[PDB]
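This is entry09.pdb (PDB, N, CA and C atoms).
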```pdb
ATOM      1  N   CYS A 407      20.427  -0.991 -63.622
ATOM      2  CA  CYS A 407      21.383  -0.674 -64.694
ATOM      3  C   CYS A 407      21.826   0.806 -64.625
ATOM      4  N   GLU A 408      22.997   1.098 -65.174
ATOM      5  CA  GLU A 408      23.554   2.502 -65.164
ATOM      6  C   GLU A 408      23.787   3.024 -66.600
ATOM      7  N   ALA A 409      23.890   4.338 -66.743
ATOM      8  CA  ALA A 409      24.129   4.975 -68.082
ATOM      9  C   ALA A 409      25.576   5.548 -68.135
ATOM     10  N   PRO A 410      26.414   4.984 -69.019
ATOM     11  CA  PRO A 410      27.842   5.415 -69.188
ATOM     12  C   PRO A 410      27.978   6.766 -69.944
ATOM     13  N   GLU A 411      29.211   7.135 -70.283
ATOM     14  CA  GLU A 411      29.500   8.431 -71.014
ATOM     15  C   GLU A 411      28.744   8.468 -72.358
ATOM     16  N   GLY A 412      27.994   9.539 -72.597
ATOM     17  CA  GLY A 412      27.166   9.658 -73.855
ATOM     18  C   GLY A 412      25.719   9.203 -73.559
ATOM     19  N   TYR A 413      25.562   8.231 -72.663
ATOM     20  CA  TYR A 413      24.218   7.703 -72.265
ATOM     21  C   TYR A 413      23.513   8.705 -71.327
ATOM     22  N   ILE A 414      22.243   8.984 -71.580
ATOM     23  CA  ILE A 414      21.465   9.948 -70.706
ATOM     24  C   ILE A 414      19.954   9.921 -71.049
ATOM     25  N   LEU A 415      19.138   9.421 -70.127
ATOM     26  CA  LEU A 415      17.648   9.392 -70.339
ATOM     27  C   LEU A 415      16.965  10.334 -69.327
ATOM     28  N   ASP A 416      16.204  11.275 -69.851
ATOM     29  CA  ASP A 416      15.467  12.297 -69.014
ATOM     30  C   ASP A 416      14.392  11.651 -68.103
ATOM     31  N   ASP A 417      13.896  10.463 -68.447
ATOM     32  CA  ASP A 417      12.859   9.768 -67.601
ATOM     33  C   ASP A 417      13.448   9.349 -66.220
ATOM     34  N   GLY A 418      14.774   9.269 -66.100
ATOM     35  CA  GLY A 418      15.433   8.838 -64.816
ATOM     36  C   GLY A 418      16.354   7.618 -65.066
ATOM     37  N   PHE A 419      16.270   6.993 -66.255
ATOM     38  CA  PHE A 419      17.103   5.799 -66.632
ATOM     39  C   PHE A 419      16.584   4.510 -65.978
ATOM     40  N   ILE A 420      16.744   3.406 -66.691
ATOM     41  CA  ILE A 420      16.290   2.067 -66.186
ATOM     42  C   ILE A 420      17.344   1.010 -66.527
ATOM     43  N   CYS A 421      17.575   0.779 -67.822
ATOM     44  CA  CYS A 421      18.564  -0.254 -68.306
ATOM     45  C   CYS A 421      18.541  -0.302 -69.853
ATOM     46  N   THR A 422      19.500   0.368 -70.492
ATOM     47  CA  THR A 422      19.600   0.425 -72.011
ATOM     48  C   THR A 422      18.440   1.271 -72.577
ATOM     49  N   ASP A 423      18.768   2.315 -73.324
ATOM     50  CA  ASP A 423      17.717   3.223 -73.901
ATOM     51  C   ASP A 423      18.165   3.806 -75.259
ATOM     52  N   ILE A 424      19.340   4.425 -75.311
ATOM     53  CA  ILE A 424      19.843   5.049 -76.598
ATOM     54  C   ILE A 424      20.648   4.030 -77.441
ATOM     55  N   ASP A 425      21.361   3.106 -76.806
ATOM     56  CA  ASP A 425      22.143   2.063 -77.552
ATOM     57  C   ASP A 425      21.482   0.689 -77.289
ATOM     58  N   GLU A 426      20.323   0.476 -77.892
ATOM     59  CA  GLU A 426      19.553  -0.810 -77.709
ATOM     60  C   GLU A 426      19.785  -1.728 -78.873
TER
END
```
Do you think you could lay out the structure here as structure tokens?
Amino acid sequence: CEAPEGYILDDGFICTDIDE
């Protein structure tokens, strides 16, 4: 999964984190 504009996880990202 990818993180779009506004989306950003410091862990490295996986799939959905801030807008779950």
In Å to one decimal, how far is atom C of residue A:407 from atom N of residue A:420? 6.1 Å
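Picture a line from atom N of residue A:421 to atom C of residue A:408; it runs 6.7 Å.
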For atom C of residue A:426 and atom N of residue A:412, the interatomic separation in Å (one decimal):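 One can read the atom C of residue A:426 to atom N of residue A:412 distance as 15.3 Å.
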For stretch 407-425 of chain A, what centre and edge lengths in Å (one decimal) does the axis-aligned box get once 6 Å is added on each side of all its listed atoms, as AutoDock Vina command-line options?
```
--center_x 21.2 --center_y 5.7 --center_z -70.6 --size_x 28.6 --size_y 25.3 --size_z 25.9
```
